[PDB]
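The structure under discussion appears below in the form of structure tokens.
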Amino acid sequence: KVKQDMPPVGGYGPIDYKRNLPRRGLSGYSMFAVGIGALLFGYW
Amino acid sequence: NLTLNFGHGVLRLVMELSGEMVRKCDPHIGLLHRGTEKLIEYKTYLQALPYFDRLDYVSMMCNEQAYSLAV
Amino acid sequence: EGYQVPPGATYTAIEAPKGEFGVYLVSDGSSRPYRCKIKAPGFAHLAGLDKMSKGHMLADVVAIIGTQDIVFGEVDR
Amino acid sequence: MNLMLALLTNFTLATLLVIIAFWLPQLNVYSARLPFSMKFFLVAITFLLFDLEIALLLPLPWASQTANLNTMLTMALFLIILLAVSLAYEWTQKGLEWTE
Amino acid sequence: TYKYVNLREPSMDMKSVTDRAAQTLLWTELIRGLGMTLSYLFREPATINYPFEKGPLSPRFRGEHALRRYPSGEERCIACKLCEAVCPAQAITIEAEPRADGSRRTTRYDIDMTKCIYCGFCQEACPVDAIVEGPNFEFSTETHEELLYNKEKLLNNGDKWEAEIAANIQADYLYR
Amino acid sequence: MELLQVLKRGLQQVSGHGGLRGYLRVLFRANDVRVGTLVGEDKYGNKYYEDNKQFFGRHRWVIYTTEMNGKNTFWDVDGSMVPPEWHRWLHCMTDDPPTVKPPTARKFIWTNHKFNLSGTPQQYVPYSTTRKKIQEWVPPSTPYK
Amino acid sequence: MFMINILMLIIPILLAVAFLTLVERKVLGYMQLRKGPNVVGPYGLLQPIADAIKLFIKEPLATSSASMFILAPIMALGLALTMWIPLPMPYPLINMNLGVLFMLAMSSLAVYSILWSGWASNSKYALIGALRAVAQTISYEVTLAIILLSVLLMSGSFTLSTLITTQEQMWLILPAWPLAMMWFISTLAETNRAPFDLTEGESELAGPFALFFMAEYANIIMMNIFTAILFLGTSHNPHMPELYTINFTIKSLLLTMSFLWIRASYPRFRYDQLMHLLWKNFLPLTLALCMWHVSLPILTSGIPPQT
Amino acid sequence: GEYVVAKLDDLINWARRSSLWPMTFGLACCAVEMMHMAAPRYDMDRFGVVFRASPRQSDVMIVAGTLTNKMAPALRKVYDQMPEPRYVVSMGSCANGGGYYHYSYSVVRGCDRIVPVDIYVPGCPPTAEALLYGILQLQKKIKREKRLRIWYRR
Ligand SMILES: CCCCCCCCCCCCCCCCCC(=O)OC[C@H](COP(=O)(O)OCCN)OC(=O)CCCCCCCCCCCCCCCCC
Ligand SMILES: CCCCCCCCCCCCO[C@@H]1O[C@H](CO)[C@@H](O[C@H]2O[C@H](CO)[C@@H](O)[C@H](O)[C@H]2O)[C@H](O)[C@H]1O
Ligand SMILES: CCCCCCCCCCCCO[C@@H]1O[C@H](CO)[C@@H](O[C@H]2O[C@H](CO)[C@@H](O)[C@H](O)[C@H]2O)[C@H](O)[C@H]1O
Ligand SMILES: N=C(N)NC(=N)NCCc1ccc(I)c(Cl)c1
Ligand code: SF4
Ligand code: SF4
Ligand code: SF4
């Protein structure tokens with residue numbers, strides 16, 4: 001029987017390609033609140 | 001205007017600068033000219049194929065494909 | 001000897017990674033090409049470096065050469 | 001004496017390292033104006049003028065110990081604001097641009 | 001079909017503007033870049049311990065040339081000169097005459113390894129599997145002349161490497 | 001704690017190389033103190049190891065012999081010291097070692113592998129292998145003008 | 001006794017610089033999915049020694065003025081070692097009442113080695129590269145001096161060991177993290193470190209070389225030691241001073257390692273862009289924060305003691 | 001006398017071969033396999049071979065690609081500015097002897113017409129591993145040097 005390189009019956013599984021840059025961190029408000037909070041404690 | 005004689009392969013750039021700004025860029029190439037096109041005229045069509053690997057030598061098999069399609 | 005190619009001329013191009021790469025290949029009927037002009041996309045791109053670099057600074061010339069994707073194997077041939 | 005000794009040691013050692021760096025066995029028997037750019041001159045001059053204002057601010061940690069804090073705070077802020085005005089003037093007169 | 005890489009409108013509400021202000025002043029995206037290089041610091045490196053470890057190759061690898069024998073010890077090459085004709089670099093030079101027993105054999109078989117482009121056309125062209133590119137790639141020299149192989153050098157390569165060459169041909173000849 | 005199991009894994013490599021001296025010997029000869037499974041040894045003394053839990057490319061390695069063909073190779077090892085039968089395995093050209101799939105024997109195959117001989121009196125020197133093409137006339141050996 | 005003390009500072013500084021080159025190469029390597037030096041001695045521990053010997057037996061390859069060609073490296077290395085003598089670790093070699101001013105004064109002299117070597121290069125293009133480097137260095141001197149003054153308005157004096165007392169309860173990075181951020185970046189730009197390594201950048205677009213390299217890498221360590229003292233004050237126990245030295249060394253090592261981390265992470269600034277970062281961003285904020293830190297102790301009644 | 005000269009030679013040889021800083025002339029495709037030798041798999045830096053050195057700080061010139069006539073003067077100029085001891089590694093068929101372009105009107109038939117060459121690395125291109133073998137061969141050549149022993153016997 002002919003035997004050559006072929007994909008598996010049913011094909012291969014899905015391959016990702018789309019950009020995936022997950023969102024992380026806090027909002028600008030929260031970040032500024034943490035920074036101002038640190039300064040106030042430091043000043044005190 | 002200061003003249004800078006020098007500023008993938010090797011390139012010679014001759015530039016005219018006005019402070020930080022580039023006013024002229026004159027690329028001087030041919031530092032990797034190897035007369036490939038003339039050499040191909042002394043080769044059979046198969047013997048010429050490996051010359052195309054060595055053109056855009058980052059995209060070897062695409063250069064091969066272009067030549068193969070043409071032939 | 002190699003295979004004989006019927007006489008004629010073709011311009012054949014592909015979308016290579018660096019742009020349009022083509023050959024103008026002239027056959028005289030024999031087993032050796034009569035003329036093979038190689039159209040390298042970086043050739044025209046580098047010819048446009050002077051135009052693209054107008055009004056920019058020295059360090060930007062590096063970025064512009066990089067954005068053009070230049071290999072001198074195909075530019076110089 | 002200690003600081004003089006330290007300085008003499010540091011630079012004396014630096015001299016010696018340069019010496020041997022230039023002379024080791026080798027084993028062989030055989031005033032114009034420099035393409036003057038005005039922008040770099042103005043950076044140096046601007047640094048100088050700001051450096052002189054910094055000289056005036058350096059006493060501030062000691063000045064805060066005064067009982068005349070009303071006067072001292074007003075003059076400290078006045079000096080820094082005038083420094084900011086200097087920067088603002090240079091900025092709006094294209095003195096911080098590197099084009100052209 | 002096409003897509004736009006860079007055609008988006010920033011949201012101009014106060015929350016979004018303040019988000020961009022925080023990124024500008026607190027360097028958030030720059031810190032996010034520091035996280036990537038930090039995560040690579042703690043990954044196993046990809047380096048192999050050459051020459052104790054070697055990069056993987058395949059039976060098709062085109063390395064140093066060799067001239068092969070039949071099992072009896074007779075040379076396979078019969079001086080047909082097909083390899084010399086196909087060589088894109090003209091790296092091969094052959095002379096032949098009748099041997100003392102009448103066999104058609106070469107008296108010269110040179111490969112200029114500094115002209116050769118290691119393309120493998122010679123071993124494709126050969127009708128008797130005489131000239132092959134073997135698996136060896138660690139044969140750099142101190143002088144140019146050592147890379148100008150004559151027939152004795154190439155026969156010695158074949159005798160030196162035949163054990164590996166035969167096994168590699170055994171693995172790939174059904175693709176040829 | 002995990003850091004504990006890592007530390008004992010480091011200690012096992014010392015005893016896995018036959019004590020401190022063997023451990024330091026491999027550290028300085030090969031800059032690698034991993035312990036693998038001995039796949040085999042060739043007639044020159046090179047030993048071949050495998051560990052299939054390592055990533056592809058590091059799963060096979062050779063500890064070169066300290067002496068080959070009259071050359072001291074304790075420090076001066078060379079990739080060309082691997083004989084051809086082990087060359088196929090070490091480069092992953094095949095899966096099975098010559099101890100399991102020995103090469104076919106031929107009377108003309110070198111019984112003694114040679115490493116790179118460049119820069120030595122054994123180096124190859126090129127020459128023309130063909131005989132003289134034109135025979136010159138030899139004058140007679142008796143006077144007769 | 002004092003000469004022994006000087007040598008127990010000079011010698012370790014040079015050895016620390018030597019092995020920072022190894023640490024830099026290996027840290028960069030692992031962030032690049034590779035190893036860096038690991039053949040020349042175990043884990044590359046002999047690599048700095050091989051490099052050092054190699055450079056010093058290399059051919060020492062005409063100067064436009066011999067006196068300045070030799071002065072520039074002596075100045076660089078001599079000044080670099082001098083910046084260490086007032087550092088409290090926890091006790092300074094020399095206890096200066098104005099140690100902070102001394103470091104500011106000595107660091108301002110370091111730009112002469114750049115200027116003199118550009119003059120001695122005998123090349124129009126090397127002199128221009130030196131002048132560009134000088135303009136960068138003096139530009140970032142401005143914010144460094146103003147940031148330092150702002151911090152000292154919480155400390156009360158120019159004595160470096162007083163920064164230890166000021167941070168007995170809390171690191172100064174908490175009340176002054178906006179200044180810490182600009183201070184840290186300013187040190188990178190001040191030492192021509194990436195992404196501010198424009199001398200090595202713009203340039204490519206033996207013993208004397210080694211000497212300049214040692215001076216620069218000594219300055220890198222010193223600047224991060226200064227940063228640790230300025231913003232991450234270690235607590236001093238007079239009966240166990242080695243406890244201070246261990247904790248303070250770890251902070252300085254980590255700060256130095258973050259210089260390497262940053263080199264591995266970002267592209268380079270354009271020259272005009274790093275000038276705008278200073279004159280249009282850092283300097284405005286530094287000036288505003290200088291006014292703020294003048295007012296804050298007064299308005300909170302938190303003025304520190306003069307002594 | 002003999003013992004000191006021999007040990008000192010071993011020391012300077014070890015330092016020079018353990019800290020080989022290359023100037024790479026990336027002329028053509030062979031330069032790509034040189035980049036792969038610097039890449040993580042082979043990591044030439046781990047041998048003390050820094051990625052890219054300045055020509056005036058360099059100890060070995062790697063000619064990685066075709067040397068054209070137009071380029072030949074520039075390559076010689078860089079070689080002459082190198083501080084000694086300096087070595088040259090010729091990489092690939094083009095630099096070794098012209099290679100595929102040996103018969104071209106515009107190509108130098110081997111960089112050894114322009115500069116002396118210490119090591120010839122064959123291949124078109126040599127694999128990154130082949131080039132690394134060549135660099136290690138150069139290290140062994142440096143280990144064989146006896147400069148001080150010969151100096152002592154003058
Ligand atoms: C209640 C009263 C309160 C009163 C006080 C209030 C003050 C606090 C609130 C304000 C916060 C101030 C923050 C100060 C930090 C400096 C901010 C800054 O200058 O960033 C702007 C600068 C340029 O930004 P750019 O996007 O290029 O363009 C803007 C102009 N066109 O962008 C940059 O500077 C980028 C820096 C480039 C360098 C990159 C390498 C560094 C990345 C790693 C940094 C790690 C953090 C350092 C930590 C140091 C620890 C010691
Ligand atoms: C371009 C020119 C710019 C010039 C800028 C000048 C800005 C000056 C702004 C603040 C000046 C005064 O700032 C502050 O005001 C309060 C007003 O109660 C003063 O008063 C406060 O301190 C004094 C002490 O002297 C106390 O007696 C008083 O009970 C207290 O309220 C402060 O002493 C002064 O420090
Ligand atoms: C940090 C302490 C290190 C202590 C090491 C002590 C070792 C002392 C012996 C050093 C021997 C140096 O060996 C020698 O160095 C010089 C450096 O220019 C080299 O170069 C020298 O010789 C070449 C010709 O050969 C000349 O063209 C060149 O001008 C000259 O500089 C030599 O090629 C090398 O043979
Ligand atoms: N930039 C790096 N980290 N690597 C690097 N090649 N540094 C330079 C190497 C060097 C220079 C002087 C000395 I003294 C020493 Cl011991 C080493
Ligand atoms: S591999 Fe190609 S270039 Fe080399 S000898 Fe064979 S046919 Fe000629
Ligand atoms: S090696 Fe093969 S192709 Fe070449 S001459 Fe001999 S038999 Fe013919
Ligand atoms: S030897 Fe081969 S790979 Fe190298 S530059 Fe020449 S053609 Fe390209």
Side-chain angles (χ1 to χ4, degrees), chain B residues 9 32 34 36 50-51 53-55 57 60, chain C residues 73, chain D residues 17 21 64 66-85, chain E residues 89 114-119, chain G residues 14-15 17-29 36-37 46-56 197 200 206-207 209-218 220 260 263 291 294-295 298-299 301, chain H residues 15 19 21 26-34 45 48-53 57 63-67 90-102 107 121-127 131:
Chain B
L32 195 53
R34 301 160 300 181
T36 292
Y51 274 125
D53 282 334
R54 291 149 175 87
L55 301 169
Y57 47 74
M60 290 73 59
Chain D
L17 284 174
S64 319
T66 187
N68 203 2
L69 277 173
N70 226 308
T71 296
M72 164 274 162
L73 178 54
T74 297
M75 290 343 284
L77 301 184
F78 162 91
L79 261 187
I80 303 164
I81 282 159
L82 251 72
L83 199 36
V85 165
Chain E
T114 70
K115 278 189 198 89
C116 172
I117 61 165
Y118 303 79
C119 72
Chain G
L14 302 175
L15 289 169
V17 159
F19 279 84
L20 174 55
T21 71
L22 171 65
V23 168
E24 167 163 50
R25 282 167 77 168
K26 285 201 77 63
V27 162
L28 259 56
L46 293 174
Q47 190 66 72
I49 290 113
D51 290 334
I53 289 164
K54 186 275 293 272
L55 284 161
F56 266 95
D197 64 314
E200 286 284 339
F209 160 81
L211 269 40
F212 272 106
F213 185 96
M214 305 168 150
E216 185 68 272
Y217 267 51
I220 282 151
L260 323 176
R263 187 205 235 202
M291 314 171 51
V294 169
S295 290
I298 288 158
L299 78 93
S301 69
Chain H
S19 186
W21 293 0
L27 298 177
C29 358
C30 273
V32 171
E33 283 279 29
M34 176 270 145
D45 189 54
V49 183
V50 305
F51 183 15
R52 267 131 63 155
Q57 275 112 65
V63 186
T66 324
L67 180 60
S90 176
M91 188 175 165
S93 297
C94 288
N96 290 342
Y100 210 179
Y101 315 89
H102 175 93
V107 167
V121 185
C124 191
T127 68
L131 174 62

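Letters A, B, ... mirror the listed sequences (proteins, then strands); counts begin at 1. Order of appearance sets the numbers: ligands from 1, and atoms from 1 within every ligand.
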TODO: Could you check atom 16 (C) of ligand 2 against the protein and tell me its nearest heavy-atom contact, residue, atom and distance included?
DONE: D:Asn70 ND2, 4.7 Å
Open item on the list: Students should be able to answer this: which protein heavy-atom is nearest to atom 17 (C) of ligand 4, and at what distance?
Closed with: G:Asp51 CB, 3.6 Å
TODO: Could you tell me whether atom 33 (O) of ligand 2 has at least one protein heavy atom nearer than 4.0 Å?
DONE: yes
Task: Straight-line distance of G:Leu20 CG to G:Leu15 CG, nearest 0.5 Å - done: 12.5 Å
Open item on the list: Return the closest protein heavy atom for atom 6 (Fe) of ligand 7 as residue, atom name and distance.
Closed with: H:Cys94 SG, 2.2 Å
- [ ] List the steps and the verdict of side chain to side chain contact (heavy atoms under 4.5 Å, CB included) for H:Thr127 and H:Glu33.
- [x] CA-CA 6 Å; H:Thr127 68; H:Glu33 283 279 29; 4.2 Å; yes
TODO: Look at atom 14 (I) of ligand 4 and say which protein heavy atom is nearest, naming residue and atom and giving the distance to 0.1 Å.
DONE: G:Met214 CE, 3.0 Å
Task: Top protein contact for atom 8 (Fe) of ligand 7, by heavy-atom distance - done: H:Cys29 SG, 2.3 Å
- [ ] Please round to the nearest 0.5 Å and tell me the distance separating atom CG of D:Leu73 and atom CG of D:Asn68.
- [x] 11.0 Å
Task: atom 1 (C) of ligand 2 protein-contacted, heavy-atom criterion under 4.0 angstrom - done: yes
- [ ] Please write down residue, atom name and distance for the protein heavy atom closest to atom 10 (C) of ligand 4.
- [x] G:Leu55 CD1, 4.1 Å
Open item on the list: Given E:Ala89, H:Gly26, H:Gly65, identify the one with the heavy atom nearest to atom 5 (S) of ligand 7.
Closed with: H:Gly65
TODO: Using a 4.0 Å heavy-atom cut-off, say whether G:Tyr217 meets ligand 4 through its side chain, its backbone, both or neither.
DONE: side chain
Task: Interatomic distance, H:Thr66 atom OG1 to B:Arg54 atom CZ [nearest 0.5 angstrom] - done: 9.5 Å
TODO: Could you tell me whether ligand 4 has any atom less than 4.0 Å away from a heavy atom of G:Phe19?
DONE: no
Task: For H:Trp21 against H:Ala53, the heavy-atom pair lying closest together - done: CB-CB, 3.9 Å
TODO: Please report which non-hydrogen protein atom sits nearest to atom 3 (C) of ligand 2, along with the residue it belongs to and the distance in Å to one decimal place.
DONE: D:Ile81 CD1, 3.6 Å
Open item on the list: Strictly less than 4.0 Å: does any protein heavy-atom distance to atom 18 (O) of ligand 2 fall in that range?
Closed with: no
Task: Taking atom 2 (C) of ligand 4 as the reference point, the nearest protein heavy atom with its distance - done: G:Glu24 OE1, 3.7 Å
Open item on the list: I'd like to check G:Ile298 versus D:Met72 (side-chain heavy atoms, cut-off strictly below 4.5 Å). Are they in contact?
Closed with: yes
TODO: With rounding to the nearest 0.5 Å, note down the distance linking NZ in G:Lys54 to CD in H:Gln57.
DONE: 9.0 Å
Open item on the list: Could you measure the distance from the OG atom of G:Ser301 to the CG atom of D:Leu69? Nearest 0.5 Å is fine.
Closed with: 11.0 Å
Task: Nearest neighbour in protein (non-hydrogen) for atom 13 (O) of ligand 2 - done: D:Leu73 CD2, 3.9 Å
- [ ] Report the distance from atom NZ of E:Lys115 to atom SG of H:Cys124, rounding to the nearest 0.5 Å.
- [x] 14.0 Å
TODO: Measure across H:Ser93 and E:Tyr118 and return the closest heavy-atom pair with its distance rounded to 0.1 Å.
DONE: OG-CE1, 3.5 Å
Open item on the list: For a side chain to side chain contact (heavy atoms under 4.5 Å, CB included) check, start with the C-alpha distance between H:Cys94 and H:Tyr101, then their side-chain angles and the critical distance, and finish with the verdict.
Closed with: CA-CA 7 Å; H:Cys94 288; H:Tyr101 315 89; 3.7 Å; yes
Task: Worked check of side chain to side chain contact (heavy atoms under 4.5 Å, CB included) between H:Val50 and H:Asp45 - done: CA-CA 5 Å; H:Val50 305; H:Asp45 189 54; 4.3 Å; yes
Task: atom 7 (N) of ligand 4 [closest protein heavy-atom partner, distance rounded to 0.1 Å] - done: G:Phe213 CZ, 3.5 Å
- [ ] Specify the protein heavy atom at minimum distance from atom 4 (Fe) of ligand 7: its residue, its atom name, and the distance to 0.1 Å.
- [x] H:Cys30 SG, 2.3 Å
Task: Test item: protein heavy atom less than 4.0 Å from atom 28 (C) of ligand 2 - done: no
- [ ] List the closest protein heavy-atom neighbour of atom 7 (C) of ligand 2: residue, atom name, distance to the nearest 0.1 Å.
- [x] D:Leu77 CD1, 4.1 Å
Open item on the list: Yes or no: does H:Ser93 have any heavy atom under 4.0 Å from an atom of ligand 7?
Closed with: yes
TODO: Check whether any heavy atom of H:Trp21 sits under 4.0 Å from an atom of ligand 4.
DONE: yes
Open item on the list: Counting only nitrogen or oxygen atoms and a 3.5 angstrom limit, does G:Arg263 reach ligand 4?
Closed with: no
TODO: Describe, in one word, how the ring planes of G:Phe209 and G:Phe213 are oriented to each other, choosing from parallel (under 30°), tilted (30 to 60°) and perpendicular (over 60°).
DONE: tilted
- [ ] Locate the shortest heavy-atom distance separating G:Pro37 from G:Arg25; write the atom from each residue and the value.
- [x] CG-NE, 3.5 Å
TODO: Check each atom of ligand 7 against the heavy atoms of H:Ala28 and keep those under 4.0 Å away; list them by number with element.
DONE: 5 (S)
- [ ] For side chain to side chain contact (heavy atoms under 4.5 Å, CB included), just list the numbers for G:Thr21 and G:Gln47, CA-CA rounded to whole Å, side-chain angles, deciding distance to a tenth of an Å, and then say yes or no.
- [x] CA-CA 9 Å; G:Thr21 71; G:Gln47 190 66 72; over 6 Å; no
Task: Note, G:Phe19 side chain near G:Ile49 side chain (heavy atom, < 4.5 Å) - done: yes
Task: atom 4 (N) of ligand 4 - nearest protein heavy atom and its distance - done: G:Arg25 CD, 3.4 Å
Open item on the list: Under 3.5 Å between any N/O of D:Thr74 and any N/O of ligand 2: does that happen in this structure?
Closed with: no
Open item on the list: Give me the nearest non-hydrogen protein atom to atom 16 (Cl) of ligand 4 as residue plus atom name, then the distance to 0.1 Å.
Closed with: G:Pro48 O, 2.9 Å
- [ ] State the atoms of ligand 7, each with its element, that fall below the 4.0 Å cut-off from a heavy-atom position in B:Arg54.
- [x] 7 (S)
Open item on the list: Below 2.8 Å, can you find an N, O or S atom of H:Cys124 next to atom 4 (Fe) of ligand 7?
Closed with: no
Task: Heavy-atom protein contact below 4.0 Å for atom 21 (C) of ligand 2 - done: no
